[PDB]
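Here's run.txt, which has compact mmCIF, C-alpha atoms and all ligand atoms:
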```
# COMPACT_ATOMS: atom_id res chain seq x y z
CA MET A 1 21.83 10.85 -7.29
CA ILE A 2 19.69 7.82 -8.28
CA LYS A 3 21.48 4.44 -8.19
CA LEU A 4 20.23 2.39 -11.19
CA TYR A 5 20.75 -1.42 -11.10
CA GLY A 6 20.98 -3.00 -14.52
CA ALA A 7 22.56 -5.65 -16.74
CA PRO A 8 23.47 -5.83 -20.49
CA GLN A 9 20.35 -5.57 -22.69
CA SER A 10 18.10 -5.24 -19.59
CA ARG A 11 15.22 -2.75 -19.08
CA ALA A 12 17.58 -0.53 -17.01
CA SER A 13 18.44 1.04 -20.46
CA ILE A 14 14.77 2.18 -20.63
CA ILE A 15 15.12 3.89 -17.20
CA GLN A 16 18.47 5.36 -18.31
CA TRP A 17 16.75 6.71 -21.47
CA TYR A 18 14.20 8.49 -19.32
CA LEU A 19 16.86 9.78 -16.83
CA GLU A 20 18.74 11.18 -19.89
CA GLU A 21 15.48 12.78 -21.24
CA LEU A 22 15.10 14.46 -17.81
CA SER A 23 18.82 15.51 -17.76
CA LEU A 24 19.24 13.72 -14.41
CA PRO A 25 22.51 12.14 -13.29
CA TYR A 26 22.57 8.52 -12.13
CA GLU A 27 25.02 6.02 -10.75
CA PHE A 28 24.78 2.86 -12.90
CA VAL A 29 25.50 -0.43 -11.17
CA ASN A 30 25.87 -3.58 -13.27
CA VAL A 31 24.50 -6.79 -11.75
CA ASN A 32 26.23 -9.80 -13.32
CA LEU A 33 23.31 -12.08 -14.30
CA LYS A 34 25.63 -14.65 -15.98
CA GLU A 35 27.26 -15.20 -12.58
CA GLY A 36 23.93 -15.13 -10.66
CA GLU A 37 24.68 -11.90 -8.73
CA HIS A 38 20.95 -11.02 -8.94
CA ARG A 39 20.20 -14.25 -6.92
CA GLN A 40 22.68 -13.33 -4.10
CA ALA A 41 21.72 -11.75 -0.74
CA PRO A 42 22.72 -8.09 -1.48
CA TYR A 43 20.62 -7.86 -4.68
CA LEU A 44 17.74 -9.91 -3.19
CA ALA A 45 17.57 -7.18 -0.44
CA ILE A 46 16.85 -4.62 -3.26
CA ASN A 47 14.48 -6.85 -5.34
CA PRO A 48 13.38 -10.08 -3.60
CA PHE A 49 12.43 -11.49 -7.01
CA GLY A 50 16.02 -11.01 -8.29
CA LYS A 51 15.17 -8.96 -11.35
CA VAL A 52 16.71 -5.85 -12.91
CA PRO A 53 16.02 -2.96 -13.11
CA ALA A 54 15.80 -1.45 -9.63
CA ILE A 55 16.70 1.99 -8.25
CA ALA A 56 17.85 3.37 -4.88
CA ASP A 57 16.92 7.00 -4.24
CA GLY A 58 18.75 7.53 -0.97
CA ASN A 59 17.25 5.00 1.44
CA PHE A 60 14.19 4.36 -0.85
CA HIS A 61 14.41 1.23 -3.05
CA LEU A 62 12.06 0.48 -5.95
CA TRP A 63 11.77 -2.29 -8.55
CA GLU A 64 9.58 -2.96 -11.72
CA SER A 65 10.67 -0.78 -14.68
CA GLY A 66 7.12 0.58 -15.00
CA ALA A 67 6.87 1.68 -11.36
CA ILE A 68 10.35 3.28 -11.63
CA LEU A 69 9.30 5.23 -14.75
CA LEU A 70 6.12 6.45 -12.96
CA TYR A 71 8.06 7.43 -9.79
CA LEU A 72 10.68 9.37 -11.83
CA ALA A 73 7.90 11.14 -13.86
CA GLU A 74 6.12 12.15 -10.66
CA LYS A 75 9.39 13.31 -9.00
CA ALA A 76 10.28 15.48 -12.06
CA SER A 77 6.81 17.20 -11.98
CA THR A 78 5.91 16.01 -15.51
CA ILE A 79 2.30 14.91 -14.55
CA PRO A 80 -0.46 17.53 -13.77
CA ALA A 81 -1.05 16.45 -9.98
CA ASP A 82 -4.43 14.65 -9.82
CA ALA A 83 -5.51 10.98 -9.50
CA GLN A 84 -6.98 11.09 -13.08
CA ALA A 85 -3.83 12.55 -14.62
CA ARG A 86 -1.63 9.93 -12.93
CA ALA A 87 -4.16 7.19 -13.86
CA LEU A 88 -3.80 7.96 -17.57
CA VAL A 89 0.01 7.63 -17.32
CA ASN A 90 -0.36 4.43 -15.15
CA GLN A 91 -2.67 3.01 -17.89
CA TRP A 92 -0.05 3.33 -20.59
CA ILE A 93 2.77 2.05 -18.33
CA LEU A 94 0.72 -1.05 -17.46
CA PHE A 95 -0.27 -1.51 -21.11
CA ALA A 96 3.44 -1.38 -22.21
CA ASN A 97 4.39 -3.90 -19.48
CA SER A 98 1.54 -6.34 -20.01
CA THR A 99 -0.94 -6.10 -22.95
CA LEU A 100 1.56 -4.68 -25.50
CA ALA A 101 4.69 -6.72 -24.61
CA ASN A 102 2.69 -9.98 -24.42
CA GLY A 103 0.80 -9.42 -27.65
CA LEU A 104 4.00 -8.70 -29.58
CA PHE A 105 6.46 -11.15 -27.98
CA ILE A 106 4.37 -14.26 -27.06
CA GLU A 107 4.47 -16.50 -30.16
CA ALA A 108 1.21 -18.31 -29.33
CA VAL A 109 -0.81 -15.04 -29.30
CA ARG A 110 1.27 -12.85 -31.72
CA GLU A 111 -0.74 -13.82 -34.85
CA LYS A 112 -4.02 -12.44 -33.45
CA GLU A 113 -2.73 -9.76 -31.00
CA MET A 114 0.10 -7.97 -32.90
CA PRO A 115 -1.95 -6.71 -35.96
CA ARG A 116 -4.67 -5.39 -33.59
CA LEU A 117 -2.21 -3.63 -31.21
CA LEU A 118 -0.28 -2.10 -34.11
CA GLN A 119 -3.47 -1.03 -35.89
CA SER A 120 -4.71 0.86 -32.78
CA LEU A 121 -1.31 2.44 -32.13
CA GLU A 122 -1.16 3.40 -35.85
CA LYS A 123 -4.46 5.31 -35.54
CA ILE A 124 -3.24 7.21 -32.45
CA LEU A 125 0.23 7.90 -33.93
CA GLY A 126 -1.29 9.02 -37.25
CA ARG A 127 -3.11 11.87 -35.37
CA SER A 128 -0.36 13.08 -33.00
CA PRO A 129 3.45 12.93 -32.94
CA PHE A 130 3.54 11.27 -29.48
CA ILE A 131 1.13 8.95 -27.58
CA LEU A 132 -0.31 11.67 -25.27
CA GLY A 133 -0.35 14.41 -27.94
CA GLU A 134 2.15 17.03 -29.10
CA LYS A 135 4.64 16.45 -26.26
CA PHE A 136 7.03 13.59 -25.62
CA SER A 137 6.45 11.95 -22.21
CA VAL A 138 7.29 8.92 -20.00
CA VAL A 139 4.53 7.10 -21.98
CA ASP A 140 6.69 7.31 -25.12
CA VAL A 141 9.62 5.79 -23.19
CA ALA A 142 7.37 2.94 -21.92
CA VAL A 143 5.60 2.16 -25.24
CA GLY A 144 8.32 3.28 -27.67
CA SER A 145 10.91 1.01 -25.99
CA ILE A 146 8.73 -2.05 -26.64
CA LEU A 147 8.07 -1.03 -30.27
CA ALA A 148 11.82 -0.29 -30.95
CA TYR A 149 12.67 -3.84 -29.81
CA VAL A 150 10.33 -5.42 -32.42
CA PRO A 151 12.84 -5.12 -35.36
CA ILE A 152 15.74 -6.11 -33.05
CA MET A 153 14.24 -9.29 -31.51
CA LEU A 154 11.49 -10.54 -33.87
CA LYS A 155 13.10 -9.50 -37.20
CA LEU A 156 9.79 -7.84 -38.15
CA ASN A 157 9.28 -4.32 -39.49
CA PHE A 158 6.57 -1.64 -39.46
CA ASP A 159 6.20 -1.43 -43.33
CA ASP A 160 2.40 -1.83 -43.03
CA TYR A 161 2.19 0.70 -40.14
CA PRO A 162 3.83 3.89 -41.45
CA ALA A 163 3.00 6.06 -38.41
CA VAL A 164 4.42 3.42 -36.01
CA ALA A 165 7.56 3.17 -38.24
CA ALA A 166 8.04 6.97 -38.29
CA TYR A 167 7.38 7.20 -34.52
CA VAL A 168 9.98 4.48 -33.72
CA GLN A 169 12.54 5.94 -36.21
CA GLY A 170 12.16 9.35 -34.52
CA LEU A 171 12.55 7.84 -31.01
CA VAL A 172 15.65 5.82 -31.96
CA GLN A 173 17.31 9.09 -33.21
CA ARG A 174 16.73 11.06 -29.96
CA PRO A 175 20.11 11.89 -28.32
CA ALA A 176 18.91 10.50 -24.93
CA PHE A 177 17.93 7.20 -26.67
CA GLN A 178 21.39 7.07 -28.37
CA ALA A 179 23.10 7.80 -25.00
CA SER A 180 21.27 4.78 -23.50
CA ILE A 181 19.53 2.00 -25.59
CA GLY A 182 21.35 3.02 -28.79
CA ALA A 183 24.80 2.95 -27.08
CA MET B 1 -21.27 6.42 -10.40
CA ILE B 2 -18.37 4.26 -11.65
CA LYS B 3 -19.34 2.20 -14.70
CA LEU B 4 -17.27 -0.96 -14.99
CA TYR B 5 -17.01 -2.63 -18.45
CA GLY B 6 -16.47 -6.35 -18.22
CA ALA B 7 -17.24 -9.74 -19.74
CA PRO B 8 -17.57 -13.34 -18.35
CA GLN B 9 -14.25 -14.59 -16.80
CA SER B 10 -12.44 -11.30 -17.47
CA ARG B 11 -10.32 -9.29 -14.97
CA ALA B 12 -13.40 -7.08 -14.32
CA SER B 13 -13.98 -9.63 -11.43
CA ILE B 14 -10.74 -8.36 -9.83
CA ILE B 15 -12.12 -4.77 -9.99
CA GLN B 16 -15.47 -6.06 -8.56
CA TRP B 17 -13.57 -7.63 -5.63
CA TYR B 18 -11.88 -4.30 -4.82
CA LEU B 19 -15.22 -2.34 -5.27
CA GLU B 20 -16.69 -4.86 -2.72
CA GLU B 21 -13.74 -4.23 -0.32
CA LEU B 22 -14.31 -0.47 -0.58
CA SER B 23 -18.16 -0.84 -0.36
CA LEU B 24 -18.60 1.37 -3.44
CA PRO B 25 -21.68 1.24 -5.66
CA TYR B 26 -21.11 0.88 -9.41
CA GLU B 27 -22.83 -0.03 -12.65
CA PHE B 28 -21.70 -3.26 -14.35
CA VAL B 29 -21.75 -2.93 -18.18
CA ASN B 30 -21.36 -6.32 -19.94
CA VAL B 31 -19.41 -6.21 -23.24
CA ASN B 32 -20.26 -9.11 -25.55
CA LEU B 33 -16.80 -10.34 -26.61
CA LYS B 34 -18.24 -13.44 -28.40
CA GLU B 35 -20.10 -11.15 -30.80
CA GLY B 36 -17.14 -8.73 -31.19
CA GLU B 37 -18.82 -5.81 -29.37
CA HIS B 38 -15.36 -4.79 -28.01
CA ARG B 39 -14.11 -4.36 -31.64
CA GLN B 40 -16.74 -1.78 -32.65
CA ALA B 41 -16.55 2.05 -32.49
CA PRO B 42 -18.60 2.60 -29.25
CA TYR B 43 -16.34 0.35 -27.12
CA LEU B 44 -13.14 1.44 -28.95
CA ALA B 45 -13.94 4.99 -27.74
CA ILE B 46 -13.58 3.66 -24.12
CA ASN B 47 -10.50 1.45 -24.79
CA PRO B 48 -8.85 1.86 -28.25
CA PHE B 49 -7.28 -1.58 -27.84
CA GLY B 50 -10.71 -3.30 -27.41
CA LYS B 51 -9.96 -4.88 -24.03
CA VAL B 52 -11.90 -5.27 -20.80
CA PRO B 53 -11.87 -4.17 -18.07
CA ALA B 54 -12.34 -0.43 -18.40
CA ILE B 55 -14.15 2.12 -16.26
CA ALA B 56 -16.04 5.35 -16.95
CA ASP B 57 -16.30 7.85 -14.05
CA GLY B 58 -18.22 10.74 -15.62
CA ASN B 59 -16.27 11.90 -18.69
CA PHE B 60 -13.13 10.07 -17.40
CA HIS B 61 -12.39 6.71 -19.07
CA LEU B 62 -9.65 4.35 -17.81
CA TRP B 63 -8.43 0.93 -18.94
CA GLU B 64 -5.83 -1.70 -17.70
CA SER B 65 -7.09 -3.52 -14.56
CA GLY B 66 -3.94 -2.48 -12.70
CA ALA B 67 -4.43 1.26 -13.40
CA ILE B 68 -8.10 0.95 -12.39
CA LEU B 69 -7.08 -0.70 -9.02
CA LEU B 70 -4.58 2.18 -8.41
CA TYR B 71 -7.15 4.82 -9.41
CA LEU B 72 -9.79 3.35 -7.07
CA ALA B 73 -7.16 3.04 -4.23
CA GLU B 74 -6.17 6.71 -4.65
CA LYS B 75 -9.78 7.99 -4.81
CA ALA B 76 -10.71 6.05 -1.64
CA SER B 77 -7.63 7.57 0.16
CA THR B 78 -6.23 4.13 1.07
CA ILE B 79 -2.62 5.15 0.07
CA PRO B 80 -0.59 7.88 1.88
CA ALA B 81 -0.07 11.09 -0.13
CA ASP B 82 3.49 10.66 -1.46
CA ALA B 83 5.34 9.66 -4.65
CA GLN B 84 7.26 6.92 -2.69
CA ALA B 85 4.15 5.56 -0.95
CA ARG B 86 2.36 5.33 -4.34
CA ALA B 87 5.52 3.86 -5.94
CA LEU B 88 5.51 0.83 -3.60
CA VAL B 89 1.81 0.24 -4.41
CA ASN B 90 2.55 0.69 -8.21
CA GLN B 91 5.55 -1.69 -7.91
CA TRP B 92 3.30 -4.52 -6.70
CA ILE B 93 0.52 -3.81 -9.29
CA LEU B 94 3.11 -3.90 -12.11
CA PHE B 95 4.60 -7.05 -10.57
CA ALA B 96 1.13 -8.72 -10.48
CA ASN B 97 0.47 -7.72 -14.12
CA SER B 98 3.82 -8.66 -15.63
CA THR B 99 6.54 -10.56 -13.62
CA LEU B 100 4.07 -12.64 -11.57
CA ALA B 101 1.37 -13.36 -14.25
CA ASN B 102 4.01 -14.19 -16.89
CA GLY B 103 6.02 -16.47 -14.61
CA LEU B 104 2.98 -18.48 -13.54
CA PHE B 105 0.92 -18.55 -16.75
CA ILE B 106 3.43 -18.56 -19.69
CA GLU B 107 4.10 -22.26 -20.40
CA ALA B 108 7.60 -21.75 -21.85
CA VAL B 109 8.86 -20.00 -18.66
CA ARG B 110 6.68 -21.58 -15.91
CA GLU B 111 9.08 -24.46 -14.95
CA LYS B 112 11.85 -21.99 -14.19
CA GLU B 113 9.94 -18.86 -12.99
CA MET B 114 7.05 -20.22 -10.96
CA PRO B 115 9.03 -22.03 -8.16
CA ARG B 116 11.30 -18.97 -7.83
CA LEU B 117 8.36 -16.50 -7.57
CA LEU B 118 6.55 -18.70 -5.01
CA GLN B 119 9.79 -19.26 -3.04
CA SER B 120 10.31 -15.46 -2.85
CA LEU B 121 6.62 -14.78 -1.89
CA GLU B 122 6.84 -17.62 0.70
CA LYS B 123 9.56 -15.65 2.58
CA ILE B 124 7.56 -12.37 2.41
CA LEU B 125 4.22 -13.95 3.42
CA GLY B 126 5.89 -15.99 6.21
CA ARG B 127 6.87 -12.72 7.97
CA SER B 128 3.56 -10.77 7.60
CA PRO B 129 -0.14 -11.60 7.02
CA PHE B 130 -0.35 -9.40 3.85
CA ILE B 131 2.10 -8.12 1.15
CA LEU B 132 2.51 -4.60 2.67
CA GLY B 133 2.39 -5.70 6.34
CA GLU B 134 -0.39 -6.11 8.90
CA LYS B 135 -3.14 -4.41 6.88
CA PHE B 136 -4.92 -5.82 3.74
CA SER B 137 -4.62 -3.44 0.75
CA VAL B 138 -5.16 -3.10 -3.07
CA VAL B 139 -1.77 -4.92 -3.39
CA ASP B 140 -3.38 -8.10 -1.98
CA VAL B 141 -6.20 -7.79 -4.54
CA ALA B 142 -3.65 -7.50 -7.39
CA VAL B 143 -1.13 -10.21 -6.33
CA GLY B 144 -3.74 -12.40 -4.58
CA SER B 145 -6.05 -12.55 -7.64
CA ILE B 146 -3.18 -13.87 -9.79
CA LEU B 147 -2.29 -16.51 -7.14
CA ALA B 148 -5.98 -17.58 -6.68
CA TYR B 149 -6.26 -18.26 -10.45
CA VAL B 150 -3.41 -20.88 -10.15
CA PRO B 151 -5.64 -23.75 -8.75
CA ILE B 152 -8.53 -22.56 -11.00
CA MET B 153 -6.67 -22.46 -14.36
CA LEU B 154 -3.56 -24.62 -13.96
CA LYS B 155 -4.92 -27.39 -11.62
CA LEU B 156 -1.80 -26.70 -9.46
CA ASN B 157 -1.62 -26.09 -5.68
CA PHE B 158 0.60 -24.27 -3.13
CA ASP B 159 1.35 -27.38 -0.97
CA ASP B 160 5.15 -26.77 -1.04
CA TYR B 161 4.58 -23.13 0.08
CA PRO B 162 2.47 -23.21 3.26
CA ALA B 163 2.54 -19.43 3.91
CA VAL B 164 1.44 -18.69 0.27
CA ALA B 165 -1.27 -21.43 0.51
CA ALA B 166 -2.60 -19.94 3.79
CA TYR B 167 -2.52 -16.40 2.35
CA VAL B 168 -4.53 -17.47 -0.71
CA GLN B 169 -7.01 -19.51 1.46
CA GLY B 170 -7.48 -16.43 3.67
CA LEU B 171 -8.10 -14.18 0.63
CA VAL B 172 -10.59 -16.63 -0.93
CA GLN B 173 -12.54 -16.78 2.38
CA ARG B 174 -13.06 -12.99 2.51
CA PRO B 175 -16.79 -12.16 1.97
CA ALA B 176 -15.84 -9.51 -0.64
CA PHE B 177 -13.96 -12.22 -2.57
CA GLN B 178 -16.86 -14.70 -2.34
CA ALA B 179 -19.27 -11.97 -3.60
CA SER B 180 -17.09 -11.36 -6.71
CA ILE B 181 -14.31 -13.78 -8.01
CA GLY B 182 -15.75 -16.62 -5.91
CA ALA B 183 -19.25 -16.20 -7.41
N1 LIG A 201 8.42 -6.68 -15.24
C1 LIG A 201 9.87 -6.56 -14.93
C2 LIG A 201 10.68 -7.59 -15.73
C3 LIG A 201 12.15 -7.59 -15.36
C4 LIG A 201 12.96 -8.72 -15.95
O1 LIG A 201 12.43 -9.73 -16.42
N2 LIG A 201 14.28 -8.58 -15.89
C5 LIG A 201 15.23 -9.56 -16.38
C6 LIG A 201 16.24 -8.90 -17.31
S1 LIG A 201 17.52 -10.02 -17.96
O2 LIG A 201 18.63 -9.11 -18.81
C7 LIG A 201 15.99 -10.24 -15.24
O3 LIG A 201 16.36 -9.58 -14.28
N3 LIG A 201 16.19 -11.56 -15.35
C8 LIG A 201 16.86 -12.32 -14.33
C9 LIG A 201 16.10 -13.58 -13.96
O4 LIG A 201 14.95 -13.71 -14.43
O5 LIG A 201 16.68 -14.41 -13.22
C10 LIG A 201 10.31 -5.13 -15.24
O6 LIG A 201 9.79 -4.59 -16.22
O7 LIG A 201 11.10 -4.58 -14.43
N1 LIG A 202 -3.45 -6.09 -19.05
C1 LIG A 202 -4.92 -6.05 -19.29
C2 LIG A 202 -5.41 -7.31 -19.99
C3 LIG A 202 -6.81 -7.15 -20.55
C4 LIG A 202 -7.26 -8.31 -21.40
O1 LIG A 202 -6.46 -9.09 -21.91
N2 LIG A 202 -8.58 -8.42 -21.58
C5 LIG A 202 -9.22 -9.49 -22.32
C6 LIG A 202 -10.18 -10.26 -21.41
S1 LIG A 202 -11.26 -11.50 -22.20
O2 LIG A 202 -12.38 -12.15 -21.18
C7 LIG A 202 -9.97 -8.96 -23.54
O3 LIG A 202 -10.66 -7.95 -23.44
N3 LIG A 202 -9.82 -9.62 -24.68
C8 LIG A 202 -10.56 -9.27 -25.87
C9 LIG A 202 -9.68 -9.33 -27.11
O4 LIG A 202 -8.46 -9.31 -26.92
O5 LIG A 202 -10.24 -9.42 -28.22
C10 LIG A 202 -5.66 -5.79 -17.97
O6 LIG A 202 -5.14 -6.22 -16.93
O7 LIG A 202 -6.70 -5.10 -18.02
K K A 203 28.38 3.06 -4.52
```
Please lay out the structure from this file as structure tokens.
Amino acid sequence: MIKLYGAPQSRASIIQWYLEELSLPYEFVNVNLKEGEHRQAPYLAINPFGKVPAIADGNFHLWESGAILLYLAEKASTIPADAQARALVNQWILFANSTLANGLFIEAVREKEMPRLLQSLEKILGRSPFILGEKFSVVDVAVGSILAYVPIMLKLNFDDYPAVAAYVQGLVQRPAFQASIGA
Amino acid sequence: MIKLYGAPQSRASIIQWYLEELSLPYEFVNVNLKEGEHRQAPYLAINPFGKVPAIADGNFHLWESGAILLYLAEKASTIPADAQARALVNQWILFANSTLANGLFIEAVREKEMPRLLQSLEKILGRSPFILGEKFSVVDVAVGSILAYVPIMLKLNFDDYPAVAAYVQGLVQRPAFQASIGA
């Protein structure tokens, strides 16, 4: 089974949420960041930048939460099988990891970026239950995780974005979310 | 042909560098950010978040510079056909777009992150000419573009990291780089 390297409150909970959505087992391995275990030789051989999460799938090692989510989605046969179909999923994973997370969490840009990001997501989420349409996907794990952390870390709410609020409320109540980020 | 939507000093230059490396023709479509062209309906139909770069390849639209680099790498058959082979390329594109860009360019975390990222890359680049080994790839466009913007935007250099400094000098001297980011 997949070995998942994580730490308390890390993005390994996002990977665990997706592994739970796929009903896949995993061996969770805590890396003690407080004691600098991520900066020691064994963990630096998994991720040379000393960051969690990372996975081991047999002899294959992979780091960057976004690349792990894409690899797991591909392995579970949840993406059609063409460069354009994978590109659309890659787009949203990169957006969650760069454009979205920076616009919401960087104080210097939050005033201009956050209303615009939320407004565009609101329009999409007002037309379909999930980001790619009727079905929940790895995109919802990638984007939804960032949005669910907004109340938790910024003490902000989605009162002016009712479709984003209802989307996040629905994600936070999923049993796989409760078995991972909600635990 | 591929239509690339860009604006002056945007990451469309990174896509132009890779299009130059692949010797692919394309149409460059300037989006007037100063006049808010990216915030109007016609451009929001290409990227709902109003950001450049984006590409149009027939009816297919794609945004996020990292997802465009991966899409172009896949279409040109420069990556082996496998989920693991694509995962290692995706890992480095996500790293360039999040871990690396944030660590170098976010002022609040730069003092801590930047020396650590460059120290880790110094070990990797000291053992091989390029990120994935002997052969230049889309990974070098993604990571290398972020590193080349360090002298340009931060007035900083790679003097303490000779292997990183030589890697970046070597990338900047490539004719495809001089025809795009260097122009
Ligand atoms: N873009 C990457 C970011 C990982 C990260 O910052 N991880 C932190 C989590 S701390 O609970 C980490 O590992 N920090 C340790 C350090 O920076 O030394 C990803 O999405 O995988
Ligand atoms: N993660 C994305 C970032 C795109 C971006 O910030 N684009 C800016 C460039 S400005 O010259 C942009 O389009 N800004 C316009 C705006 O935010 O109003 C990527 O790599 O494509
Ligand atoms: K074990």
(request) Using all atoms listed in the file, find each protein or nucleic acid residue lying at most 6 Å from ligand LIG 201 (chain A); present the set as a list in words. (result) residues 7, 9, 10, 51, 52, 53, 64, 65 and 66 of chain A; 98 and 99 of chain B
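Contact shell of residue B:20 at 12 Å (only C-alpha atoms; same-chain neighbours under 6 positions omitted): residues 13, 14, 26, 72, 138, 141, 174, 175, 176, 177, 178, 179, 180 and 181 of chain B.
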(message) Would you mind listing, as a list in words, all residues of chain A that have at least one atom within 7 Å of chain B, where all atoms listed in the file are what counts?
(response) residues 48, 49, 62, 63, 64, 66, 67, 71, 74, 75, 83, 87, 88, 90, 91, 94, 95, 97, 98, 117 and 120 of chain A
Taking 4 positions as the minimum chain separation for residues in the same chain, which residues sit within 12 Å of residue A:155 when counting all atoms listed in the file? Answer as a PDB file with C-alpha atoms, in the coordinates of the input.
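File written: part.pdb
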```pdb
ATOM      1  CA  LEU A 104       4.000  -8.700 -29.580  1.00  0.00           C
ATOM      2  CA  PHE A 105       6.460 -11.150 -27.980  1.00  0.00           C
ATOM      3  CA  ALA A 148      11.820  -0.290 -30.950  1.00  0.00           C
ATOM      4  CA  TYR A 149      12.670  -3.840 -29.810  1.00  0.00           C
ATOM      5  CA  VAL A 150      10.330  -5.420 -32.420  1.00  0.00           C
ATOM      6  CA  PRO A 151      12.840  -5.120 -35.360  1.00  0.00           C
TER       7      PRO A 151
END
```
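Minimum atom-to-atom distances from B:31, B:152, B:132, B:163 to ligand LIG 202 (chain A) were compared using only C-alpha atoms and all ligand atoms, and the lowest value belongs to B:31.
Neighbouring residues of ligand K 203 (chain A) at a cut-off of 9 Å, counting only C-alpha atoms and all ligand atoms, are residues 3, 27 and 29 of chain A.
If all atoms listed in the file are the atoms counted, then among A:6, A:58, A:103, A:25 the closest residue to ligand LIG 202 (chain A) is A:103.
If you measure from each of A:11, A:135, A:127, A:112 to ligand LIG 202 (chain A) using only C-alpha atoms and all ligand atoms, the closest one turns out to be A:112.
Among the candidates A:80, A:115, A:42, A:8, the residue lying nearest to ligand LIG 202 (chain A) is A:115 (atoms considered: only C-alpha atoms and all ligand atoms).
Taking atom CA of residue B:140 and atom CA of residue A:41 as endpoints, the distance between them is 25.4 Å.
We find atom CA of residue B:76 and atom CA of residue B:21 to be spaced 10.8 Å apart.
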(message) With distances taken over all atoms listed in the file, which residue among B:54, B:143, B:78, B:159 lies nearest residue B:22?
(response) B:78
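Between atom CA of residue B:164 and atom CA of residue B:139 lies a distance of 14.6 Å.
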